[PDB]
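Novice: One structure coming up, written as structure tokens, with questions to follow.
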Amino acid sequence: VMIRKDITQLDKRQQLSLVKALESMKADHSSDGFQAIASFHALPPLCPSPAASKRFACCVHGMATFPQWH
Amino acid sequence: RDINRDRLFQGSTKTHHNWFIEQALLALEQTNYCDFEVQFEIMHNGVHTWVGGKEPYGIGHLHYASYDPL
Ligand code: CUO
């Protein structure tokens, strides 16, 4: 039960963690890292394959699957 | 209500720790109901004074306080 709350409700400590965590995430060299994670949604496009000539953006947008993907 | 002391909003910088919180948390600590109540009640008093302030007919006074909707 990880809890998601309104951003406003959040405690300073709660905020503290998020700020530090994201900042560290930014640094994260790993594929799990933030920059890498960002690429999932859009450019660089990963969808057809991570290395493919034509790449499309990962958007199952305009589809029923859309909420699940997000 | 003469909340002369607007100072109430002057919480701590960490922001979680507040006077109310410190006071309340301590009250929570006691197992005994009686012990709990003494701490509990005093914490209760602070708001009455803070809002009522100097004003003769207000939260601050036992007589008048029930009149205010706060
Ligand atoms: O981004 Cu693809 O949806 Cu909000």
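Numbers here mean position along the shown chain, with the first residue as 1.
This entry, so its header tells us, was determined using electron microscopy, 9.0 Å.
The backbone N, Cα and C atoms fix where each Cβ goes, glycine too.
Annotations for this protein, taken from Swiss-Prot, read as follows:
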| type | residues | note |
| --- | --- | --- |
| BINDING | A:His41, A:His61, A:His70 | Cu cation 9 binding site |
| DISULFID | A:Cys47-A:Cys58 | disulfide bond |
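In the displayed structure, how are the listed features positioned relative to their neighbours?
Specialist: Sequence-distant contacts of A:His61 (Cu cation 9 binding site), defined as residues of its own chain at least six apart whose C-beta falls under 8 angstroms from its C-beta, are absent.
A coil conformation is recorded for A:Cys47 (disulfide bond) in the three-state DSSP classification, outside any helix or strand.
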Novice: What's the CA to CA span in angstrom from A:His70 (Cu cation 9 binding site) over to A:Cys47 (disulfide bond)?
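Specialist: Spelling it out, the Cα of A:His70 (Cu cation 9 binding site) and the Cα of A:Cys47 (disulfide bond) are 15 Å apart.
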Novice: Please check the recorded positions A:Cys47, A:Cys58, A:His70 against ligand 1 and give me the ones with CB under 6 A, sequence order.
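Specialist: Only A:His70 meet the Cβ criterion.
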Novice: Counting other CB atoms within 10 A of each CB, which of the binding-site residues A:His41, A:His70 comes out lowest?
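Specialist: Ranked by other Cβ atoms within 10 Å, the binding-site residues A:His41, A:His70 bottom out at A:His70.
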